[PDB]
$ cat coords.cif   # mmCIF, C-alpha atoms
data_my_file
loop_
_atom_site.label_atom_id
_atom_site.label_comp_id
_atom_site.auth_asym_id
_atom_site.auth_seq_id
_atom_site.Cartn_x
_atom_site.Cartn_y
_atom_site.Cartn_z
CA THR A 2 149.55 35.07 23.61
CA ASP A 3 149.12 32.40 26.31
CA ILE A 4 146.00 33.57 28.18
CA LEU A 5 146.62 31.81 31.48
CA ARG A 6 150.29 32.76 31.40
CA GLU A 7 149.33 36.43 31.08
CA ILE A 8 146.87 36.12 33.97
CA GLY A 9 149.60 34.55 36.09
CA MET A 10 152.10 37.29 35.24
CA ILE A 11 149.56 39.98 36.09
CA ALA A 12 148.82 38.28 39.42
CA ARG A 13 152.47 37.78 40.32
CA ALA A 14 153.47 41.33 39.38
CA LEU A 15 150.69 42.72 41.55
CA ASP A 16 151.87 40.44 44.36
CA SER A 17 155.45 41.65 43.96
CA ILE A 18 154.28 45.27 44.09
CA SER A 19 152.25 44.58 47.26
CA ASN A 20 155.26 42.98 48.92
CA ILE A 21 156.88 46.38 48.63
CA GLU A 22 154.04 48.79 49.34
CA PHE A 23 152.47 46.83 52.20
CA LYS A 24 155.83 46.16 53.82
CA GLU A 25 155.25 48.99 56.31
CA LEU A 26 151.82 47.56 57.12
CA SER A 27 153.09 44.01 57.60
CA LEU A 28 150.58 42.68 55.06
CA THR A 29 152.96 41.31 52.46
CA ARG A 30 153.00 37.81 50.98
CA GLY A 31 149.27 37.94 50.32
CA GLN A 32 148.32 38.67 53.93
CA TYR A 33 146.15 41.59 52.78
CA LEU A 34 143.99 39.16 50.77
CA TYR A 35 142.99 37.38 53.95
CA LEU A 36 142.40 40.58 55.92
CA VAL A 37 140.17 41.91 53.15
CA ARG A 38 137.98 38.78 53.19
CA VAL A 39 137.75 38.79 57.00
CA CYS A 40 136.78 42.47 57.06
CA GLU A 41 134.15 41.91 54.37
CA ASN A 42 132.84 38.81 56.16
CA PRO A 43 132.83 39.16 59.96
CA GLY A 44 132.32 35.75 61.55
CA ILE A 45 133.56 33.78 58.53
CA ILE A 46 135.38 30.42 58.97
CA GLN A 47 138.79 29.18 57.78
CA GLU A 48 137.15 26.77 55.34
CA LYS A 49 135.11 29.49 53.64
CA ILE A 50 138.12 31.83 53.49
CA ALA A 51 140.18 29.28 51.53
CA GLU A 52 137.23 28.78 49.20
CA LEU A 53 136.98 32.49 48.41
CA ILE A 54 140.72 33.13 47.98
CA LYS A 55 141.14 29.86 46.03
CA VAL A 56 143.87 28.20 48.13
CA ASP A 57 144.24 24.97 50.10
CA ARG A 58 143.15 24.83 53.73
CA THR A 59 146.69 24.44 55.10
CA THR A 60 147.77 27.57 53.22
CA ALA A 61 144.75 29.52 54.50
CA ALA A 62 145.36 28.15 58.01
CA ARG A 63 148.93 29.49 58.04
CA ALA A 64 147.88 32.86 56.66
CA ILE A 65 145.17 33.25 59.29
CA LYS A 66 147.52 32.31 62.16
CA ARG A 67 150.06 34.85 60.92
CA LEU A 68 147.41 37.58 60.69
CA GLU A 69 146.39 36.77 64.25
CA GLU A 70 149.98 36.89 65.57
CA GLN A 71 150.42 40.28 63.89
CA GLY A 72 147.23 41.49 65.58
CA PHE A 73 145.00 42.02 62.54
CA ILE A 74 142.40 39.41 63.42
CA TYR A 75 141.08 37.36 66.30
CA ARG A 76 139.14 34.12 66.41
CA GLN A 77 136.31 32.94 68.59
CA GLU A 78 134.99 29.44 69.17
CA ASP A 79 131.24 29.13 68.81
CA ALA A 80 129.42 28.64 72.12
CA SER A 81 127.01 26.22 70.45
CA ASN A 82 129.62 24.25 68.50
CA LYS A 83 133.23 24.24 69.75
CA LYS A 84 134.29 23.05 66.28
CA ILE A 85 133.33 26.34 64.61
CA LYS A 86 136.00 29.04 64.90
CA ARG A 87 134.77 32.40 63.64
CA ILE A 88 137.22 35.01 62.40
CA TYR A 89 136.91 38.77 62.97
CA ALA A 90 139.04 41.81 62.29
CA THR A 91 140.64 43.46 65.32
CA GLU A 92 140.59 47.24 65.78
CA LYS A 93 143.92 47.30 63.94
CA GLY A 94 142.55 45.25 61.07
CA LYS A 95 139.52 47.49 60.60
CA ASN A 96 141.87 50.46 60.79
CA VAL A 97 144.07 49.40 57.86
CA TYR A 98 141.34 47.76 55.76
CA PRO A 99 140.33 51.09 54.11
CA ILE A 100 143.90 51.71 52.95
CA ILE A 101 144.04 48.23 51.42
CA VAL A 102 140.67 48.80 49.70
CA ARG A 103 141.83 52.10 48.21
CA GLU A 104 145.18 50.66 47.19
CA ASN A 105 143.39 47.79 45.45
CA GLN A 106 141.17 50.35 43.69
CA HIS A 107 144.32 52.10 42.53
CA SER A 108 145.89 48.87 41.30
CA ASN A 109 142.81 48.32 39.14
CA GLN A 110 143.15 51.82 37.64
CA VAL A 111 146.81 51.18 36.82
CA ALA A 112 146.08 47.77 35.31
CA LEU A 113 143.17 49.04 33.21
CA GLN A 114 144.98 52.04 31.67
CA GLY A 115 144.11 52.32 28.00
CA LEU A 116 140.88 50.33 28.30
CA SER A 117 137.52 52.05 27.79
CA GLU A 118 134.43 51.28 29.86
CA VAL A 119 132.80 49.09 27.21
CA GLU A 120 136.09 47.23 26.76
CA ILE A 121 136.36 46.76 30.54
CA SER A 122 132.76 45.56 30.51
CA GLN A 123 133.51 42.75 28.05
CA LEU A 124 136.69 41.88 29.91
CA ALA A 125 134.72 41.52 33.13
CA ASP A 126 132.34 39.06 31.47
CA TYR A 127 135.17 36.91 30.13
CA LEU A 128 137.06 36.83 33.44
CA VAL A 129 134.06 35.85 35.54
CA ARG A 130 133.34 33.00 33.13
CA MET A 131 136.97 31.88 33.26
CA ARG A 132 137.02 32.09 37.05
CA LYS A 133 133.91 29.92 37.18
CA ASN A 134 135.46 27.44 34.73
CA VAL A 135 138.70 27.18 36.71
CA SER A 136 137.02 27.13 40.15
CA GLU A 137 134.88 24.20 39.04
CA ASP A 138 137.89 22.36 37.67
CA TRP A 139 139.65 22.94 41.00
CA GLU A 140 136.75 21.36 42.91
CA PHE A 141 136.84 18.45 40.45
CA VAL A 142 140.59 17.96 40.93
CA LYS A 143 140.25 18.28 44.70
CA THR B 2 133.18 43.40 38.83
CA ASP B 3 136.56 43.87 40.52
CA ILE B 4 138.81 42.95 37.60
CA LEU B 5 141.98 42.31 39.58
CA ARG B 6 140.03 40.33 42.16
CA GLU B 7 138.95 37.93 39.40
CA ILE B 8 142.47 37.76 37.95
CA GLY B 9 143.80 36.91 41.40
CA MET B 10 141.26 34.15 42.04
CA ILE B 11 141.95 32.61 38.63
CA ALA B 12 145.70 32.66 39.25
CA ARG B 13 145.47 31.18 42.74
CA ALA B 14 142.96 28.55 41.63
CA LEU B 15 145.38 27.46 38.89
CA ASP B 16 148.24 27.42 41.37
CA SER B 17 146.20 25.25 43.72
CA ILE B 18 145.37 22.85 40.88
CA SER B 19 149.06 22.64 39.93
CA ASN B 20 149.99 21.86 43.53
CA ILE B 21 147.86 18.74 43.28
CA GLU B 22 148.58 17.65 39.73
CA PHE B 23 152.36 18.25 39.76
CA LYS B 24 152.85 16.71 43.20
CA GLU B 25 154.36 13.51 41.81
CA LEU B 26 156.55 15.53 39.42
CA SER B 27 158.17 17.66 42.16
CA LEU B 28 157.02 20.90 40.52
CA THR B 29 154.41 22.32 42.86
CA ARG B 30 154.37 25.78 44.49
CA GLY B 31 155.05 27.48 41.16
CA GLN B 32 158.24 25.51 40.52
CA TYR B 33 156.95 24.42 37.10
CA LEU B 34 156.90 28.10 36.07
CA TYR B 35 160.68 28.33 36.41
CA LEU B 36 161.38 25.04 34.64
CA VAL B 37 159.23 26.19 31.71
CA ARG B 38 161.05 29.52 31.35
CA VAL B 39 164.42 27.70 31.54
CA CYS B 40 163.43 25.25 28.79
CA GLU B 41 162.05 28.11 26.69
CA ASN B 42 165.19 30.19 27.32
CA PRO B 43 168.26 27.90 27.63
CA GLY B 44 171.13 29.67 29.36
CA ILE B 45 168.97 32.47 30.76
CA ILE B 46 170.33 34.27 33.85
CA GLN B 47 168.57 34.47 37.22
CA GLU B 48 168.01 38.20 36.88
CA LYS B 49 166.10 37.74 33.65
CA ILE B 50 164.00 34.80 34.80
CA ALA B 51 162.64 36.84 37.74
CA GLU B 52 161.79 39.62 35.30
CA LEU B 53 159.81 37.30 33.00
CA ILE B 54 157.95 35.53 35.82
CA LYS B 55 157.35 38.89 37.58
CA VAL B 56 158.87 38.10 40.99
CA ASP B 57 161.62 39.61 43.12
CA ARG B 58 165.14 38.32 42.48
CA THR B 59 165.38 36.55 45.83
CA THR B 60 162.16 34.60 45.28
CA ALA B 61 163.51 33.45 41.91
CA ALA B 62 166.86 32.55 43.45
CA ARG B 63 165.03 30.34 45.97
CA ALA B 64 162.98 28.62 43.28
CA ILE B 65 165.99 28.12 41.03
CA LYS B 66 167.93 26.77 44.01
CA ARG B 67 165.22 24.22 44.75
CA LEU B 68 165.04 23.13 41.09
CA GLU B 69 168.78 22.54 41.10
CA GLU B 70 168.56 20.47 44.29
CA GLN B 71 165.76 18.39 42.80
CA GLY B 72 167.86 17.83 39.67
CA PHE B 73 165.79 19.75 37.12
CA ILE B 74 168.38 22.36 36.18
CA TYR B 75 172.07 23.16 36.44
CA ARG B 76 173.92 26.47 36.45
CA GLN B 77 177.15 27.23 34.64
CA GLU B 78 179.25 30.20 35.77
CA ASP B 79 180.32 32.71 33.13
CA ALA B 80 184.06 32.81 32.37
CA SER B 81 184.37 36.60 32.56
CA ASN B 82 182.23 36.96 35.68
CA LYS B 83 181.83 34.02 38.06
CA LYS B 84 178.81 35.71 39.66
CA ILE B 85 176.75 35.42 36.47
CA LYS B 86 175.13 31.99 36.09
CA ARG B 87 173.37 30.71 32.98
CA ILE B 88 170.60 28.22 33.76
CA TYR B 89 170.03 25.05 31.73
CA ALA B 90 167.66 22.12 32.04
CA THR B 91 169.11 18.76 32.99
CA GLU B 92 168.01 15.54 31.27
CA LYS B 93 165.26 15.26 33.91
CA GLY B 94 164.08 18.80 33.29
CA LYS B 95 163.90 18.28 29.54
CA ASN B 96 162.02 15.00 29.92
CA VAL B 97 159.38 16.53 32.20
CA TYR B 98 159.02 19.85 30.37
CA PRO B 99 156.74 18.39 27.62
CA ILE B 100 154.32 17.11 30.26
CA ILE B 101 154.11 20.57 31.82
CA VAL B 102 153.64 22.17 28.38
CA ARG B 103 150.69 19.91 27.61
CA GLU B 104 149.22 20.25 31.10
CA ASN B 105 149.28 24.05 30.74
CA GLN B 106 147.61 23.75 27.31
CA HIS B 107 144.87 21.69 28.93
CA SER B 108 144.42 24.29 31.65
CA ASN B 109 143.86 26.99 29.03
CA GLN B 110 141.23 24.85 27.31
CA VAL B 111 139.40 24.31 30.60
CA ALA B 112 139.56 28.01 31.45
CA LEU B 113 138.34 29.16 28.03
CA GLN B 114 135.36 26.78 27.76
CA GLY B 115 132.46 28.54 26.03
CA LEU B 116 134.41 31.49 24.62
CA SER B 117 134.57 31.95 20.84
CA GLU B 118 137.72 32.46 18.82
CA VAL B 119 136.92 36.16 18.43
CA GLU B 120 136.26 36.64 22.14
CA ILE B 121 139.48 34.86 23.08
CA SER B 122 141.39 37.14 20.68
CA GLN B 123 139.93 40.25 22.33
CA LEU B 124 140.66 38.84 25.78
CA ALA B 125 144.27 38.15 24.79
CA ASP B 126 144.64 41.75 23.67
CA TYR B 127 143.14 43.12 26.89
CA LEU B 128 145.37 40.91 29.03
CA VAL B 129 148.55 41.82 27.16
CA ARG B 130 147.75 45.52 27.73
CA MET B 131 147.06 44.90 31.42
CA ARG B 132 150.25 42.88 31.85
CA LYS B 133 152.31 45.63 30.21
CA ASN B 134 150.55 48.20 32.43
CA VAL B 135 151.30 46.39 35.70
CA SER B 136 154.77 45.19 34.64
CA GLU B 137 155.91 48.75 34.04
CA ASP B 138 154.40 49.82 37.36
CA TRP B 139 156.32 47.05 39.11
CA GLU B 140 159.48 48.16 37.33
CA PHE B 141 158.88 51.71 38.54
CA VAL B 142 158.18 50.62 42.12
CA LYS B 143 161.39 48.57 42.09
CA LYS B 144 163.54 51.46 40.88
CA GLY B 145 163.08 53.27 44.18
#
$ encode --input "coords.cif" --output "structure tokens"
Amino acid sequence: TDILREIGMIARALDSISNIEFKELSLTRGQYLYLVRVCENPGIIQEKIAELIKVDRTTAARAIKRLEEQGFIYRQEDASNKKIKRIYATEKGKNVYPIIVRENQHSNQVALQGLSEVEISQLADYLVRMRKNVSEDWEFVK
Amino acid sequence: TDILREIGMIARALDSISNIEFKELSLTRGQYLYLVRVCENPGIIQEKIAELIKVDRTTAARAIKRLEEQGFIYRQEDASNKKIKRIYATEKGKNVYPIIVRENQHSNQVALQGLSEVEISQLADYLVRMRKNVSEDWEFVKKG
């Protein structure tokens, strides 16, 4: 099979599922990805967020603004440097985060059905290496 | 290691690379995905393309609509049912398709650097299983 094509189909199917199940939480269209990174990294900046999620800064910028408008996060300029805008989860964001975490844990269980622990262990090694290979190529292309 | 987290980062990284490299070819934002499926499946219907690419029917309709506007594909209405449209690549779509095919092949080579033939074969098997797993779950979720 086409390895990258399979990876893309897995990613898009998961995204399509989330657009349905997170509809009532207003975290569709990948919004939950951003909230998860903000909750795991209080005080993080837009630039770093895009780096982690692997998207362009304009894309990340729009996602963050939307999350703010929906009340999941808030931003605060640094007193020292006005240029640094730190992102934090609001009470609402910290409230829904756990559901997203558990839903993600469930998605993994669904995706990994049929695979044993040692098989999942090898898979993990291959994927991390691929992610590193592709992330580096992205930097190079950027 | 969060397996799906890795899968997601790899997919988004590739998408981000495509948005830069296909910019002059008018195929960014995943548009190349639809052109490829159309060239691989001449005459395919919108419903089926969304199923293969794993997206909702409206997202696919939007992508297919943009491809038509940018002259990559055309849609012919079925004689028995005007609402059914078979999608075909235009001359422009066919001319560009090969470039996309080779660019995707290059992306796989970059991604798989270091992995042996045997490891890649095992990976392929694991990914096919995963894809079937999540595809059926999506199908179930959709059949609400």
$ atom_distance --input "coords.cif" --atom1 "atom CA of residue 93 of chain A" --atom2 "atom CA of residue 28 of chain A"
12.0 Å
$ residues_around --input "coords.cif" --residues "residue 23 of chain A" --least-positions-apart "2" --cutoff "12 Å" --atoms "all atoms listed in the file" --output "CSV table (one decimal) with C-alpha atoms, in the frame of the given file"
chain,number,residue,atom,x,y,z
A,15,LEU,CA,150.7,42.7,41.6
A,16,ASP,CA,151.9,40.4,44.4
A,17,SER,CA,155.4,41.6,44.0
A,18,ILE,CA,154.3,45.3,44.1
A,19,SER,CA,152.2,44.6,47.3
A,20,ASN,CA,155.3,43.0,48.9
A,21,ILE,CA,156.9,46.4,48.6
A,25,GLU,CA,155.2,49.0,56.3
A,26,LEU,CA,151.8,47.6,57.1
A,27,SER,CA,153.1,44.0,57.6
A,28,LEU,CA,150.6,42.7,55.1
A,29,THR,CA,153.0,41.3,52.5
A,30,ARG,CA,153.0,37.8,51.0
A,31,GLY,CA,149.3,37.9,50.3
A,32,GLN,CA,148.3,38.7,53.9
A,33,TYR,CA,146.2,41.6,52.8
A,34,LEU,CA,144.0,39.2,50.8
A,97,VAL,CA,144.1,49.4,57.9
A,98,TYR,CA,141.3,47.8,55.8
A,100,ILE,CA,143.9,51.7,53.0
A,101,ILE,CA,144.0,48.2,51.4
A,104,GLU,CA,145.2,50.7,47.2
A,105,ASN,CA,143.4,47.8,45.4
$ closest_atom_pairs --input "coords.cif" --of "chain A" --to "chain B" --cutoff "8 Å" --atoms "all atoms listed in the file" --output "tab-separated table"
residue	atom	partner	partner_atom	distance
A:2	CA	B:125	CA	6.2
A:3	CA	B:125	CA	7.7
A:4	CA	B:125	CA	6.0
A:5	CA	B:109	CA	6.1
A:7	CA	B:128	CA	6.3
A:8	CA	B:8	CA	6.2
A:9	CA	B:12	CA	5.4
A:10	CA	B:55	CA	6.0
A:11	CA	B:132	CA	5.2
A:12	CA	B:9	CA	5.6
A:13	CA	B:55	CA	5.7
A:14	CA	B:55	CA	4.9
A:15	CA	B:135	CA	6.9
A:17	CA	B:56	CA	5.8
A:18	CA	B:139	CA	5.7
A:21	CA	B:142	CA	7.9
A:53	CA	B:10	CA	7.9
A:54	CA	B:10	CA	6.1
A:55	CA	B:14	CA	4.9
A:56	CA	B:17	CA	5.8
A:57	CA	B:17	CA	6.7
A:108	CA	B:5	CA	7.8
A:109	CA	B:5	CA	6.1
A:111	CA	B:134	CA	6.5
A:112	CA	B:131	CA	4.9
A:113	CA	B:131	CA	6.0
A:114	CA	B:134	CA	6.8
A:115	CA	B:130	CA	7.7
A:116	CA	B:127	CA	7.7
A:124	CA	B:124	CA	6.5
A:125	CA	B:2	CA	6.2
A:127	CA	B:124	CA	7.3
A:128	CA	B:7	CA	6.3
A:129	CA	B:7	CA	6.6
A:131	CA	B:112	CA	5.0
A:132	CA	B:11	CA	5.2
A:134	CA	B:112	CA	5.3
A:135	CA	B:112	CA	5.4
A:136	CA	B:14	CA	6.3
A:138	CA	B:111	CA	7.5
A:139	CA	B:18	CA	5.7
A:142	CA	B:18	CA	6.8
A:143	CA	B:21	CA	7.8
$ resolve_selection --input "coords.cif" --expression "the PyMOL selection byres ((chain A and resi 94) around 10)" --output "MDAnalysis selection string"
chainID A and resid 33 36:37 39:40 68:69 71:75 89:93 95:99
$ atom_distance --input "coords.cif" --atom1 "atom CA of residue 48 of chain B" --atom2 "atom CA of residue 87 of chain B"
10.0 Å
$ atom_distance --input "coords.cif" --atom1 "atom CA of residue 92 of chain B" --atom2 "atom CA of residue 76 of chain B"
13.5 Å
$ resolve_selection --input "coords.cif" --expression "the PyMOL selection byres ((chain B and resi 73) around 6)" --output "JSON, numbers by chain"
{"B": [68, 69, 71, 72, 74, 90, 91, 93, 94]}
$ residues_around --input "coords.cif" --residues "residue 86 of chain B" --least-positions-apart "5" --cutoff "10 Å" --atoms "only C-alpha atoms" --output "PDB file with C-alpha atoms, in the frame of the given file"
ATOM      1  CA  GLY B  44     171.130  29.670  29.360  1.00  0.00           C
ATOM      2  CA  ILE B  45     168.970  32.470  30.760  1.00  0.00           C
ATOM      3  CA  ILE B  46     170.330  34.270  33.850  1.00  0.00           C
ATOM      4  CA  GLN B  47     168.570  34.470  37.220  1.00  0.00           C
ATOM      5  CA  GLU B  48     168.010  38.200  36.880  1.00  0.00           C
ATOM      6  CA  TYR B  75     172.070  23.160  36.440  1.00  0.00           C
ATOM      7  CA  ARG B  76     173.920  26.470  36.450  1.00  0.00           C
ATOM      8  CA  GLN B  77     177.150  27.230  34.640  1.00  0.00           C
ATOM      9  CA  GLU B  78     179.250  30.200  35.770  1.00  0.00           C
ATOM     10  CA  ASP B  79     180.320  32.710  33.130  1.00  0.00           C
ATOM     11  CA  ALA B  80     184.060  32.810  32.370  1.00  0.00           C
TER      12      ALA B  80
END
$ decode --input "coords.cif" --residues "segment 47-84 of chain A" --atoms "N, CA and C atoms" --output "JSON list (two decimals), in the first residue's frame"
[["chain", "number", "residue", "atom", "x", "y", "z"],
["A", 47, "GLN", "N", 2.04, 31.40, 20.12],
["A", 47, "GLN", "CA", 1.51, 31.02, 18.81],
["A", 47, "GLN", "C", 2.54, 30.26, 17.99],
["A", 48, "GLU", "N", 3.74, 30.82, 17.90],
["A", 48, "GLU", "CA", 4.82, 30.22, 17.12],
["A", 48, "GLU", "C", 5.09, 28.78, 17.50],
["A", 49, "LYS", "N", 5.22, 28.53, 18.80],
["A", 49, "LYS", "CA", 5.49, 27.19, 19.31],
["A", 49, "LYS", "C", 4.33, 26.24, 19.04],
["A", 50, "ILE", "N", 3.10, 26.76, 19.15],
["A", 50, "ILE", "CA", 1.90, 25.95, 18.91],
["A", 50, "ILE", "C", 1.89, 25.40, 17.48],
["A", 51, "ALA", "N", 2.19, 26.26, 16.51],
["A", 51, "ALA", "CA", 2.21, 25.85, 15.10],
["A", 51, "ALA", "C", 3.28, 24.79, 14.89],
["A", 52, "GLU", "N", 4.41, 24.96, 15.57],
["A", 52, "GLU", "CA", 5.51, 24.01, 15.48],
["A", 52, "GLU", "C", 5.07, 22.62, 15.94],
["A", 53, "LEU", "N", 4.40, 22.56, 17.08],
["A", 53, "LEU", "CA", 3.96, 21.29, 17.63],
["A", 53, "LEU", "C", 2.91, 20.58, 16.77],
["A", 54, "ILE", "N", 1.89, 21.33, 16.37],
["A", 54, "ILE", "CA", 0.79, 20.80, 15.57],
["A", 54, "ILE", "C", 1.14, 20.58, 14.10],
["A", 55, "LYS", "N", 2.27, 21.15, 13.67],
["A", 55, "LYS", "CA", 2.78, 21.02, 12.31],
["A", 55, "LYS", "C", 2.01, 21.78, 11.23],
["A", 56, "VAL", "N", 1.61, 23.01, 11.53],
["A", 56, "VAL", "CA", 0.88, 23.84, 10.57],
["A", 56, "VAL", "C", 1.59, 25.18, 10.41],
["A", 57, "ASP", "N", 1.14, 25.98, 9.44],
["A", 57, "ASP", "CA", 1.73, 27.29, 9.20],
["A", 57, "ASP", "C", 1.19, 28.28, 10.23],
["A", 58, "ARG", "N", 1.97, 29.31, 10.50],
["A", 58, "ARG", "CA", 1.58, 30.32, 11.48],
["A", 58, "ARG", "C", 0.25, 31.02, 11.25],
["A", 59, "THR", "N", -0.14, 31.23, 9.99],
["A", 59, "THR", "CA", -1.42, 31.89, 9.73],
["A", 59, "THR", "C", -2.54, 30.95, 10.16],
["A", 60, "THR", "N", -2.40, 29.67, 9.82],
["A", 60, "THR", "CA", -3.38, 28.66, 10.18],
["A", 60, "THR", "C", -3.52, 28.61, 11.71],
["A", 61, "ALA", "N", -2.39, 28.49, 12.41],
["A", 61, "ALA", "CA", -2.41, 28.46, 13.87],
["A", 61, "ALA", "C", -3.03, 29.75, 14.42],
["A", 62, "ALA", "N", -2.68, 30.88, 13.82],
["A", 62, "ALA", "CA", -3.21, 32.17, 14.27],
["A", 62, "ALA", "C", -4.74, 32.21, 14.21],
["A", 63, "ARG", "N", -5.31, 31.68, 13.14],
["A", 63, "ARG", "CA", -6.76, 31.67, 12.98],
["A", 63, "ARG", "C", -7.42, 30.73, 13.97],
["A", 64, "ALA", "N", -6.79, 29.58, 14.19],
["A", 64, "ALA", "CA", -7.32, 28.60, 15.12],
["A", 64, "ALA", "C", -7.35, 29.17, 16.53],
["A", 65, "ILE", "N", -6.26, 29.84, 16.92],
["A", 65, "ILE", "CA", -6.16, 30.41, 18.25],
["A", 65, "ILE", "C", -7.21, 31.50, 18.48],
["A", 66, "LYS", "N", -7.39, 32.37, 17.48],
["A", 66, "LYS", "CA", -8.37, 33.45, 17.57],
["A", 66, "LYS", "C", -9.76, 32.84, 17.77],
["A", 67, "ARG", "N", -10.08, 31.84, 16.96],
["A", 67, "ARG", "CA", -11.37, 31.17, 17.07],
["A", 67, "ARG", "C", -11.57, 30.56, 18.46],
["A", 68, "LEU", "N", -10.54, 29.92, 19.00],
["A", 68, "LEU", "CA", -10.65, 29.31, 20.32],
["A", 68, "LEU", "C", -10.89, 30.39, 21.37],
["A", 69, "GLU", "N", -10.31, 31.56, 21.15],
["A", 69, "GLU", "CA", -10.48, 32.67, 22.09],
["A", 69, "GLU", "C", -11.91, 33.22, 22.04],
["A", 70, "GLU", "N", -12.42, 33.39, 20.83],
["A", 70, "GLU", "CA", -13.78, 33.91, 20.61],
["A", 70, "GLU", "C", -14.82, 32.97, 21.22],
["A", 71, "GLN", "N", -14.53, 31.67, 21.18],
["A", 71, "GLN", "CA", -15.44, 30.66, 21.73],
["A", 71, "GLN", "C", -15.27, 30.51, 23.23],
["A", 72, "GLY", "N", -14.31, 31.24, 23.80],
["A", 72, "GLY", "CA", -14.06, 31.21, 25.23],
["A", 72, "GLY", "C", -13.27, 30.06, 25.83],
["A", 73, "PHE", "N", -12.46, 29.38, 25.02],
["A", 73, "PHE", "CA", -11.67, 28.26, 25.50],
["A", 73, "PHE", "C", -10.29, 28.68, 25.98],
["A", 74, "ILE", "N", -9.79, 29.78, 25.43],
["A", 74, "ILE", "CA", -8.48, 30.27, 25.82],
["A", 74, "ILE", "C", -8.44, 31.79, 25.92],
["A", 75, "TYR", "N", -7.38, 32.29, 26.54],
["A", 75, "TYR", "CA", -7.20, 33.72, 26.66],
["A", 75, "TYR", "C", -5.72, 33.96, 26.47],
["A", 76, "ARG", "N", -5.36, 35.17, 26.05],
["A", 76, "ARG", "CA", -3.96, 35.49, 25.82],
["A", 76, "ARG", "C", -3.53, 36.67, 26.65],
["A", 77, "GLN", "N", -2.25, 36.70, 26.98],
["A", 77, "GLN", "CA", -1.75, 37.78, 27.81],
["A", 77, "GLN", "C", -0.38, 38.23, 27.33],
["A", 78, "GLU", "N", -0.26, 39.53, 27.08],
["A", 78, "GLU", "CA", 1.00, 40.12, 26.64],
["A", 78, "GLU", "C", 1.95, 40.01, 27.81],
["A", 79, "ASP", "N", 3.23, 39.85, 27.52],
["A", 79, "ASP", "CA", 4.24, 39.76, 28.55],
["A", 79, "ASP", "C", 4.49, 41.18, 29.05],
["A", 80, "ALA", "N", 4.71, 41.34, 30.35],
["A", 80, "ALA", "CA", 4.96, 42.67, 30.90],
["A", 80, "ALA", "C", 6.34, 43.13, 30.44],
["A", 81, "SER", "N", 7.29, 42.19, 30.44],
["A", 81, "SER", "CA", 8.65, 42.48, 30.03],
["A", 81, "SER", "C", 8.69, 42.82, 28.54],
["A", 82, "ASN", "N", 8.23, 41.89, 27.71],
["A", 82, "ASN", "CA", 8.22, 42.10, 26.27],
["A", 82, "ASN", "C", 6.78, 42.10, 25.75],
["A", 83, "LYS", "N", 6.35, 43.23, 25.19],
["A", 83, "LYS", "CA", 4.99, 43.36, 24.66],
["A", 83, "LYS", "C", 4.78, 42.43, 23.46],
["A", 84, "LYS", "N", 5.87, 42.08, 22.78],
["A", 84, "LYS", "CA", 5.82, 41.20, 21.61],
["A", 84, "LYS", "C", 5.41, 39.76, 21.91]]
